[PDB]
Structures are given as C-alpha cells and as structure tokens.
Number of protein chains: 4
Amino acid sequence: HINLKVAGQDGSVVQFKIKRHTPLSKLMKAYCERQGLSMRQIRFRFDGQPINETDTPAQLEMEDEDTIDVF
Amino acid sequence: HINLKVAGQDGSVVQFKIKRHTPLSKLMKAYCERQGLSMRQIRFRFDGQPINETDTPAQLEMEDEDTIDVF
Amino acid sequence: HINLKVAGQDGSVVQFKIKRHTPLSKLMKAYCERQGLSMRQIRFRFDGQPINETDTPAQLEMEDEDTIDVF
Amino acid sequence: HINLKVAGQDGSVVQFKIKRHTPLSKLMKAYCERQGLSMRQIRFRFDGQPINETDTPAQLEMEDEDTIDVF
C-alpha cells in the first residue's frame, strides 16, 4: 500500500492506505463514510486535478505521504 | 508512548498513542468510541493474532508505527 | 503548513495542518467539529500552557509533528 | 483593520474594514443591513469555503484586499 493524506480546508488531515492500482473511489467512498460526508457535497483533487471514479494512485503518479485535497 | 495505526478494510488509518505496558483494550475501546463502532461488530488483530483484553503492546512485541488490523 | 497532532487522554491522535501565523482557534474549532465535541467541554494545552483564541503556532513555538493535548 | 471586498454575482463590489480577530459575522450583518438583504436569502464564501458566525479573517487566512463572494 501507499499512505495518503486527505486534507480538508479546515486543516483536518485524515489518513488512508491504498494499493497503487486500486481505484481512488475506494478511498473517496471510505472518507465520506468515516467523515459522515456525502459525495454530493464534496469533491477531491490531487495537484489541482479532479479525481475520477476509476483513477488509481499510479495513474495520478501519487506517492507515499502525498495529500489529496477535499473541497 | 508508542504510536500505533489502526487500519480498517476500507483503507482508513486512525492513529493512537499507547504506553508499552498498558493493555490494548484501552485503545480498542477508544477506537470504538471515536469511530462510532461496537466491540460486538468488530475485532482487532496484530500480525494475524487476535488481541485480548489484557494484551499489551510489549507482550505482542509491537513497535512504534506498527499497524493493528480491524475486521 | 506545519503538521500538528491532537492527542486525547484516551490515546486518540488526530492530525491537523496549520500555517505558522494562523490562529490555533482554526484548529480547535475544526477538531471540535470533526470529533463531535464542544469547546464547552474541552480545552487544549501545549507543553502545559492553555491555548488562547489568537495564539498561533509560531507564538507558541510549535514545530512540525508537535502534539497539542486535549482535556 | 484589513480591507475586504464583498462581491455579488451581479459584479457589485462593496468594501468593508475589519480587524483580523473580529468575527466576520460583524461584516456579514453589516452587508445585509447596508444592502437591504437578508441572511435568509444569501450566504458568504471565501475561496470556496462557507463563512461561519465566529470565523475571523485571521482564521480564514484573509489578507488586505481579499474578496468574499456572496451567493
């Protein structure tokens, strides 16, 4: 796995573990579930790019300890 | 203290601090409390071994930044 | 940003990111929000000192990976 | 004080002065009062984030001549 941080605009940083070729939708759904949030209300970006349902960390060239931003 | 990660099957990683000779039941109860989960519904393992109420990190030979798995 | 840990007496460690000259009240309010807790019920300390509304990490001489204690 | 602009979707830009640790609710109420508008009908955002009653310009990392958006 690689470790990723999910950072909210409030400064919250939540941690996930994901394999490099696993879709990030696994993480996004988990984050929504754990944070009591809805995919209706939030969106995720990496390095300014929206993350789509089938994007994987490897396709987005993410590395251990990288941060995904939530808006 | 040593720092331990508690990893869910959804990829969530939550962090705890615990002293080496303190029972891990301290951590398990805290995790359930913070995650809104019940000891009825989940169980914790380290390196494939179930964690019992009085097991300590030292008895289970845990080290800083080790991961406990939740199922 | 610098990364700060917020540690509860139950051993929970939650992570925040904050800029050095931004008031820590940003973090305290976020922690309360994310943890479902109230500023009525809890207080935050760093190195034994209460944290006030306008105190910044730089004024309190905090560094990356320092811990704020909640009581 | 810092100077802030409040921009409507019609392109109107109205100016306020506020101290960095004063809640922005001071400004929001003033804007509603001066513009003949109601907090029922409008909401304020900064950099895509909703502004809450006790948020201060310092907590939201606002600077002189920044713009708050009204919707």
# chains A, B, ... in the order shown; residues from 1 in each chain; ligands from 1
>>> closest_atom_pairs(of="chain C", to="chain B", cutoff="6 Å", atoms="only C-alpha atoms", output="CSV")
residue,atom,partner,partner_atom,distance
C:10,CA,B:30,CA,5.9
C:11,CA,B:17,CA,4.8
C:12,CA,B:16,CA,4.6
C:13,CA,B:16,CA,5.1
>>> select_by_dssp(residues="chain C", states="strand (DSSP E)", output="PyMOL selection string")
chain C and resi 2-7+12-18+44-46+49-50+66-70
>>> atom_distance(atom1="CA of residue 2 in chain A", atom2="CA of residue 28 in chain A")
15.0 Å
>>> atom_distance(atom1="CA of residue 21 in chain C", atom2="CA of residue 59 in chain C")
7.8 Å
>>> atom_distance(atom1="CA of residue 51 in chain A", atom2="CA of residue 69 in chain A")
10.0 Å
>>> residues_around(residues="residue 55 in chain B", least_positions_apart="3", cutoff="12 Å", atoms="only C-alpha atoms", output="PyMOL selection string")
chain B and resi 20-28+44-46+49-52+58-62
>>> decode(residues="range 15-57 of chain C", atoms="C-alpha atoms", output="compact mmCIF listing (two decimals), in the first residue's frame")
# COMPACT_ATOMS: atom_id res chain seq x y z
CA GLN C 15 -3.84 15.21 12.66
CA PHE C 16 -4.13 18.82 11.51
CA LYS C 17 -2.22 21.07 9.11
CA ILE C 18 -1.86 24.75 10.04
CA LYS C 19 0.23 27.70 8.86
CA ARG C 20 2.60 29.12 11.45
CA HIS C 21 0.95 32.52 11.82
CA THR C 22 -2.65 31.33 11.67
CA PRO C 23 -4.53 31.34 14.99
CA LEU C 24 -4.85 27.92 16.58
CA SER C 25 -8.53 28.64 17.11
CA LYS C 26 -8.82 27.49 13.48
CA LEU C 27 -7.59 24.06 14.58
CA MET C 28 -9.51 23.93 17.85
CA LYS C 29 -12.82 24.68 16.14
CA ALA C 30 -12.05 22.14 13.41
CA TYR C 31 -11.19 19.47 15.99
CA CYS C 32 -14.44 20.10 17.84
CA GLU C 33 -16.35 19.95 14.55
CA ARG C 34 -14.74 16.74 13.31
CA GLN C 35 -14.79 14.98 16.69
CA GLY C 36 -18.36 15.95 17.51
CA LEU C 37 -17.13 17.74 20.62
CA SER C 38 -17.81 21.13 22.19
CA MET C 39 -15.50 23.94 23.31
CA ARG C 40 -17.71 23.96 26.42
CA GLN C 41 -16.49 20.50 27.38
CA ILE C 42 -12.83 20.53 26.33
CA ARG C 43 -9.70 22.66 26.49
CA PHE C 44 -6.39 22.46 24.65
CA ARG C 45 -2.87 22.77 26.05
CA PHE C 46 0.60 22.85 24.57
CA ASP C 47 3.54 21.98 26.79
CA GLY C 48 1.29 22.63 29.79
CA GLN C 49 0.08 26.04 28.61
CA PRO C 50 -3.54 26.80 27.75
CA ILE C 51 -4.04 27.81 24.12
CA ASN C 52 -5.98 31.05 23.63
CA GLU C 53 -8.11 32.13 20.66
CA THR C 54 -5.44 34.20 18.91
CA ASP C 55 -2.33 32.16 19.81
CA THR C 56 -0.50 30.99 16.70
CA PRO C 57 1.82 28.01 16.35
